[PDB]
Structures are given as structure tokens and as C-alpha cells.
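A.B. asks: Questions regarding the structure given below will be posed in turn.
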Amino acid sequence: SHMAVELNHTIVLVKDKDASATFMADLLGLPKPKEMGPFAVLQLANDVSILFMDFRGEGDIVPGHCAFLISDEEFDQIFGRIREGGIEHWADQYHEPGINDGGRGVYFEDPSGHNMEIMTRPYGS
Amino acid sequence: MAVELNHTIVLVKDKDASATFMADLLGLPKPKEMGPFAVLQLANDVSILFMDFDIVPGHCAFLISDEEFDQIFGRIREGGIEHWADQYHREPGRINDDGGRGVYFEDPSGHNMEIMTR
Amino acid sequence: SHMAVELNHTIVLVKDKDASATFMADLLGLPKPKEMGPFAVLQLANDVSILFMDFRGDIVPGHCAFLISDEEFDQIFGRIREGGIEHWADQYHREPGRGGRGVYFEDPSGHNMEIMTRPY
Amino acid sequence: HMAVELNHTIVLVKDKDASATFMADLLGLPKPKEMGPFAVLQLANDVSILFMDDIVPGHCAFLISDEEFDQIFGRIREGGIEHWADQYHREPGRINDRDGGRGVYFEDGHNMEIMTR
Ligand SMILES: [Fe+3]
Ligand SMILES: [Fe+3]
Ligand SMILES: [Fe+3]
Ligand SMILES: [Fe+3]
Ligand SMILES: [Fe+3]
Ligand SMILES: [Fe+3]
Ligand SMILES: [Fe+3]
Ligand SMILES: [Fe+3]
Ligand SMILES: [Fe+3]
Ligand SMILES: [Fe+3]
Ligand SMILES: [Fe+3]
Ligand SMILES: [Fe+3]
Ligand SMILES: [Fe+3]
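Protein chains in written order, with PDB author numbering: chain A, -1 to 93, 95 to 97, 99 to 101, 104 to 127; chain D, 1 to 53, 58 to 101, 103 to 123; chain B, -1 to 55, 58 to 98, 104 to 125; chain C, 0 to 52, 58 to 112, 115 to 123.
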């Protein structure tokens, strides 16, 4: 025992759990999502997973988002794709359109309309 | 492989009742208010950002030690907090046992939670 | 393939690798270090390990820095301050005594460390 | 268990700029940033190496893809960079196949390792 409390996983309701999970895994460079029960499961590096679940309702309102921390080099590579592919993006969590500046950030939506953010935290930030 | 989830926003009816309850259930400080959020920081480089304005089997799950599980579950039971062994809230009154223990419950905003040891 | 380059481990030369590794593991709440070859191994959460190696022979502002919740920070710094462990607010050890937080200190081998927070 | 992360570590070298520039270009990383007394090389797993102005078997080791190993090893071999299969630099001109992966050690005189696991 004696560990400190961790966030281990959270369920995110989206219009299409498979479109959402595939988009997120492919954009962030993660392996193919796993199917578990009603969920499409995406594991992140800091001992936490996102479990996408089908939900036809509204789903996520700004300034809600899930934010992913990546290196400056991965930020440049993902943002370059988030530009050639016509992904809408915003500099702020309230969505402005067309990045944030210690660190950088950019916000965008997945195919289900789930709000995302990629952000950096370089040394000296 | 290296990407981390740094923070996630959780929509609740009242961000302050939810965050304050969770921090005192989990032995965390008094939450910090940042922008429109009530912030709960966890140990694994991630925070939950509660925001004003939960459908089963959705939940937020926390991995904790066996000793903190015993203490939180004791609080739940002595405090009369409804709890279930399953994410569908179909098995009230019990915990579950994958080499670990787990139990599901709701916070005062009706948000679904889970604590687990494995 | 296609992963991005990661720092997987680094070897740190100290007077006593076992005193250093056990001190570090017990202070940061990590499991007991493992012995591998000539090294005492401490694994951290972000897929990187420190391998301590015995060396008769760290200078400021050099250090190894560990990121923790503020809050385990309060718990570890509580140990540092109540236990009389010398500490400084700066990497040059010119400010003894003591957004995010940080504090610098030495392990029993004289290896320079830092614990730091990065809250939302 | 464990949640503590290694966020940065300072590496002592004769010339911080030669080391950081060499490593970033060899590993396919962007240009290093200079901050205070350090030359900063950021890696993907929420950690940075801070070079500041090394004895075998000490080294710094990088986990990389199979494809990046081929490109770095190609640079090493076509570029004449001395390399060894072992951390003691006793097996020159060889790579290791540890754990089904591939690995090689080399000097920049600071000791490095790349591995694919
Ligand atoms: Fe963990
Ligand atoms: Fe989200
Ligand atoms: Fe954010
Ligand atoms: Fe939740
Ligand atoms: Fe769960
Ligand atoms: Fe319920
Ligand atoms: Fe890794
Ligand atoms: Fe160090
Ligand atoms: Fe530092
Ligand atoms: Fe991290
Ligand atoms: Fe090194
Ligand atoms: Fe090595
Ligand atoms: Fe050599």
C-alpha cells in the first residue's frame, strides 16, 4: 500500500466511440484502441486511460476538454497535421481560431465533437 | 507511448460540492479554484477540473492503496453512502474483488465514481 | 515502430550507490531499488530509470529533478525540514531555507537533487 | 506504487553546445534550446537532459524505434563513428541483440546508448 491517490481512468461520452478513439490514437501516436465492454479504451503514459462510450446526446461543452501533454517536437508534428487536414483549431479553451504561447497549446475537436487540447511544458516554462 | 493526460474537465451540477467532497473523501487538500474550475490534483501528473453545468456506466476511477481503500470504504459505510460493486449500480451493498478490490458510488452532484486497488 | 525518442536510463556516479538508491527510493516513496550488474536501479514513472554506480571521486548547479504532486511535495518537504536535511531554494545552493514549488537538497553521497511541482 | 517522474537531469560535459547539437541531430530532434547555464535536449517522455560545461560503464541511454535505430546506425556506420555492443566499450564494431531488440553504445567523449527493446 501507501501509494498516493491516482486518477486511473475516466469514461468520456461521445457520438461515436470508435471514430473518437481511432482519431485520438492515430493523432497522438498511440496503438489501436482496445474494446472492453461498451468502451473503446485508450491508454496514456501516466497510468491513466480514457474510455470512450457511445452517446447520441450533446456531449462536451466549451470550455470543457481533455488535455494531452507532449514534447515540443510532437506538438510541431501533430499541429502540422492539424492544419493540412483542415481540423478546426483554437488558441483558447473557449474557442481565437487559427496557437497559445511557458509552453504552447492548441485546442481542437475530434470527429464526435469531443474537445481536445495538446500542450507542452518544456524546461524553463 | 509517451503521451500523458495532463488534465480533464468534468461537468457537474455544482463544481464546488463535487470537488470538496472528493478531496475530503480521498484525503486530498481543499481544492483550488482556477478560472471556472475547481481543481483536484492527483499523484500521477494529472488533475480533474470540475466545472458547473452522470450517465451510467460512466464514471471517474481512482487507484488507491489497500489502506486508503479500507479507510474510504469505512467512511462510506459509516456515513451511509450508497455504493455498488458494479459500474451499472445494479449490485448495491457490496464491493467487488482482479487481484484487487473496487467499489462504485456517487458524489453529491450525482457524479459517478470508482475506487480500486488493482 | 515510429515511437519518439525517449530517455530510458542514465548512470549516476556516487560514493555509495546503495546508500544513495535506498535514500532516494525511501524519500520519494518508490519501491526498494534493484541490483543490476554494478548498478543500483531506481525506476521512475515516466519510463526512465536512474542507475547508481559506486565511484570514489556532483557539483552545483548540477542536479536530478523529480516531479511530484505539490502535495506529496508538502509531505516530502515535511520530512526534509523536520529531519534536518540541509536544503536550498536554488540550484546553486546559495539560498538555504526554502505557480509551482521547488526545493534542492543532497543525498548521503552528495548527489544533488530537486523535488518540484507543476500544478494546473 | 510509483507516480514520481524524472523531469530533468543535468549532464556534465566538456562542451555543452557540441554535445547537445550532436545528439539532437543524431537522434532526429529539433535544435536544442539554451537556458541559463544549460543546453536543453527534450525527449518524448516528459524529461529533458540539461548539458552543462563521464567514466565507463556510465552512459545515457535512449529508447528508440526500430526505424530510427536503422537510421542512426546507418549514420554511425557510414559516418565512421566508433561504436560498441557493450557498455564497457570492449566489443567494437558490434551491436547487441538484448531482449530481442537491438542496441549499440557510442561516444559523442560522453557515453551514450541507443536501444529498441
Ligand atoms: Fe500509477
Ligand atoms: Fe474530454
Ligand atoms: Fe487545458
Ligand atoms: Fe466522471
Ligand atoms: Fe472503472
Ligand atoms: Fe447510481
Ligand atoms: Fe516509453
Ligand atoms: Fe543527478
Ligand atoms: Fe531543476
Ligand atoms: Fe509527466
Ligand atoms: Fe550521460
Ligand atoms: Fe544502458
Ligand atoms: Fe569508449
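Just so you know, even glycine gets a beta-carbon here, dropped at the ideal spot from N, CA and C.
1. Roughly how far, in whole angstroms, is the beta-carbon of residue 12 (chain A) from the beta-carbon of residue 87 (chain A), given that I think they are within contact range, below 8 Å?
2. Leaving out five residues before and five after residue 41 (chain A) in sequence, what residues of the same chain have Cβ atoms less than 6 Å from its Cβ?
3. So with CB distances below 7 Å, who are the chain D contacts of residue 110 (chain A)?
4. Considering only residues of the same chain and omitting the five flanking positions on each side of residue 14 (chain B), which have a CB-CB separation below 6 Å?
5. Determine, using beta carbons only, whether residue 105 (chain C) comes closer than 9 Å to chain A.
6. Hey, could you find the ends of the beta strand (DSSP E) residue 21 (chain B) is sitting in?
7. Let me check you understand the geometry: is the CB of residue 93 (chain C) closer than 8 Å to at least one non-hydrogen atom of ligand 13?
8. Just the chain C side, please: which residues come within less than 9 Å of residue 67 (chain A) by C-beta, in chain order?
9. Below 9 Å on C-beta distance, what does residue 72 (chain B) contact in chain A?
10. Given that residue 123 (chain B) touches chain A, what residues does it touch there, using C-beta distances under 8 Å?
11. Is residue 44 (chain C) close to ligand 7? I mean its beta-carbon at under 8 Å from any heavy atom of the ligand.
12. Closer than 9 Å, Cβ to any Cβ of chain B: which residues of the region 5 to 21 of chain D, in chain order?
13. Which residue marks the beginning of the beta strand (DSSP E) containing residue 41 (chain A), and which one marks its end?
14. Thinking just about the alpha-carbon of each residue, which of D:119, D:1, D:3, D:28 is nearest to the one in residue 69 (chain B)?
15. So, is residue 71 (chain C) buried or exposed, given that buried needs 16 or more other C-beta atoms within 10 angstroms?
16. Is any beta-carbon of chain A found at less than 9 Å from that of residue 115 (chain D)?
17. Residue 50 (chain C) CB to nearest chain A CB: under 9 Å?
18. Quick one: what's got a C-beta closer than 8 Å to residue 45 (chain D)'s C-beta in the same chain, skipping five residues either side?
19. Let me have the residue list for ligand 12: C-beta closer than 5 Å to any non-hydrogen atom, ordered along the chain.
20. How many angstroms separate the CA atom of residue 26 (chain B) from the CA atom of residue 9 (chain B)?
21. Where do the N-terminal and C-terminal ends of the beta strand (DSSP E) with residue 103 (chain A) fall, by residue?
22. What is the DSSP secondary structure of residue 107 (chain C), reduced to helix, strand or coil?
23. Does any CB atom of chain D fall closer than 9 Å to the CB of residue 127 (chain A)?
24. Who are the neighbours of residue 61 (chain A) on chain D, taking C-beta pairs under 8 Å?
25. Would you call residue 34 (chain A) buried or exposed, if buried means 16 or more other Cβ atoms sit within 10 Å of its Cβ?
26. Hey, residue 123 (chain D) and residue 107 (chain D): beta-carbon distance below 9 Å or not?
27. Using the C-alpha atoms, what's the distance from residue 85 (chain D) back to residue 17 (chain D)?
28. What does the alpha-carbon distance come out to for the pair residue 52 (chain C) and residue 36 (chain C)?
29. What are the boundary residues of the beta strand (DSSP E) that residue 7 (chain D) is part of?
30. Is the separation between the beta-carbon of residue 119 (chain D) and that of residue 91 (chain D) shorter than 9 Å?
31. In chain order, what residues of the same chain lie with their CB nearer than 6 Å to the CB of residue 64 (chain C), ignoring the 5 residues before and after it?
32. Which first and last residues belong to the beta strand (DSSP E) in which residue 121 (chain B) is found?
33. Is residue 100 (chain D) near ligand 6, judged by its Cβ being under 8 Å from some heavy atom?
34. Using the three-state DSSP reduction, which class does residue 99 (chain C) fall into: helix, strand or coil?
35. Where does residue 56 (chain A) fall in DSSP's three states?
36. So with CB distances below 8 Å, who are the chain B contacts of residue 84 (chain A)?
C.D. replies: Working from what's here:
1. About 19 Å; that fails the 8 Å criterion.
2. 47
3. None at all; the shortest Cβ gap to chain D is about 15 Å.
4. 114
5. no
6. Looking at the DSSP string, residue 21 (chain B) is not in any beta strand (DSSP E); the run it does join, the alpha helix (DSSP H), is 15 to 26.
7. yes
8. 45
9. 2
10. 123
11. yes
12. 6, 7
13. 37 to 42
14. D:28
15. exposed
16. no
17. no
18. 4, 6
19. C:65, C:119
20. 18 Å
21. No coordinates exist for residue 103 (chain A); the numbering of chain A passes from 101 to 104 with nothing in between.
22. strand
23. no
24. 9, 35, 36, 51
25. exposed
26. yes
27. 15 Å
28. 8 Å
29. 4 to 12
30. yes
31. 118
32. 117 to 121
33. no
34. coil
35. coil
36. Correct list: empty, because the minimum Cβ distance to chain B is about 23 Å.
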